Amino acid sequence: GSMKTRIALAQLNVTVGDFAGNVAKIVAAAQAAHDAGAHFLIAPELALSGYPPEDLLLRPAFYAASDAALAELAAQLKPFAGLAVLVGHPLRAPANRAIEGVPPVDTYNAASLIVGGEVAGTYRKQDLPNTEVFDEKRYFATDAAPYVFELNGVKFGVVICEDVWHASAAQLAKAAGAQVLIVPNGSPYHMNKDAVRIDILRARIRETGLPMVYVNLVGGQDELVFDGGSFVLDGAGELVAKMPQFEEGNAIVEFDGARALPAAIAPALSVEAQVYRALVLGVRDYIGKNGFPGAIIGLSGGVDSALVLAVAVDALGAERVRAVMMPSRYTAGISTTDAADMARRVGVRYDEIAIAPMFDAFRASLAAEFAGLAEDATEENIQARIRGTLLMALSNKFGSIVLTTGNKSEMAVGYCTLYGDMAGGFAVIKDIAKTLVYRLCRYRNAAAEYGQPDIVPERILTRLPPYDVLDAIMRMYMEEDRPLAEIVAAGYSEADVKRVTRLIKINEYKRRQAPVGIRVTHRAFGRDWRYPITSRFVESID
């Protein structure tokens, strides 16, 4: 009659550009699948490269690196006899020739099946998302060809992420003989996204009658948090397996012929629990993937910075977080008392630095122009900028990142100060409306699993080469996306090319907060240059 297929769902937390580490994570997942006796392992969208790599996908050397990593991966999977692996990767058709300026022609968002240490086949994405947070029509060409393969007597069809948004890809896969659809995803979290996913896949299942296996990335990548939540629906649309959100790992699910069999279904999290876990994972990964030693948080004594402190301690542990209160002459005693209280509750280092001497000095320096004028936002903003300068000094001297505490409501109506309360590396609650800030504090105070309860005070809740050389290397690397080896071949030293290009990468975080400026070249540091901050891509010099 029918055979069983034992499938490992690899809900991986890969890192943009970290080919070596990503290969190691996929191999580790494969080892675990082998240890469990699986026939088949499925990894997420663009697992090999991490996701989304943004304008790395315009750089020929990035695709060359991906191809080399895919070959390394296949070699390392070869020892797992009988285990096939479906892995996402960027693909350029048959290397370092320029990527033109004109639409994508021969680059694809792909998933390849590796069998016996060789690529057995490849699917290329059809429906490229180019709305919201994605710009895949900037990077990839479309392909309409289905990919169906046989494994344990069952025909499996592959489609990738937003291919499920319309009828077309699934119908082409079914017409090519698919009996089960396999879907690698890089689907970022938002509130109610878990419901959206199951609704869209049910629409496809109504049309095709085919069960669907949905495997998602997990982890933080700059503004995005991938929540995992991989799942399986049977051919009637019933949920038969569901992995936890916001956790990395592997789960085993089974099929008997084309029938999806029941497995573990993680209980649903409340919307508040999902949002809080997103914030924790985002902070944990922005610090971890970038290699920061810890975090600094300016505490006002108010609820916004209280939430950020709670999230940071949950993400990093108290030993890697410090809190700084910076009172002015106006600062109420209850504010410093409240700030010190919460720092004690979570066991973080707490320091106070008075800003009056700096503020007095600024005020003195401007006395001639401002005298007799009403105090307004100008004076408040100077105070905020003094605070930003202090936190950035501590960050610059000892290396921890400043986590900023401006909420979405404040961002919206401009109740914030450039270079002041906005000064820092990562805006933890930039997408949390003030109303939700309160709800999340109540949530966390009650959430036993995090350890210490009631950490946010209840009372706040009821209230170089020379320039000619440097510029030449910049033009070739930045403006023209040339491989480092081609820059060296044009007559520049390996030492100079390495030094300049490393510094260009290192300083992405800084450029991304720069004021807008005037474009006069064909590749400026504006909309022409859309790079990840979190990235471990290091291109070989030769």
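Residue numbers run from 1 along the displayed sequence.
- Count the deposited residues lacking coordinates between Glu100 and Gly101 and you get 1 to 3 of them.
- According to the entry, the stretch of the deposited sequence that connects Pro94 to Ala95 contains 4 to 9 residues lacking coordinates, which leaves a gap of moderate length in the model.
- In this entry, the higher average B-factor at the C-alpha atoms falls on 231-239, of the pair 231-239 and 184-192.
- Stretches 323-331 and 127-135 differ in mean C-alpha B factor, with the higher average recorded for 323-331.
- The entry assigns its greatest Cα B factor, within the set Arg277, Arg387, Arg344, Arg284, to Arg344.
- Per the PDB entry, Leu464 shows the highest C-alpha temperature factor of the residues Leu86, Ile297, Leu464, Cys441.
- For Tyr492, the recorded CA B-factor ranks within the highest third of the chain. Only modelled residues enter the ranking.
- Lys408: CA B factor lies in the lowest third for its chain, per the PDB record.
- Sort the chain's modelled residues by C-alpha temperature factor and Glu223 lands in the lowest third, per the entry.
- Residue-level temperature factors show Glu508 in the middle third of its chain, judged at the C-alpha atom.
- For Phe149, the recorded CA temperature factor ranks within the middle third of the chain's modelled residues.
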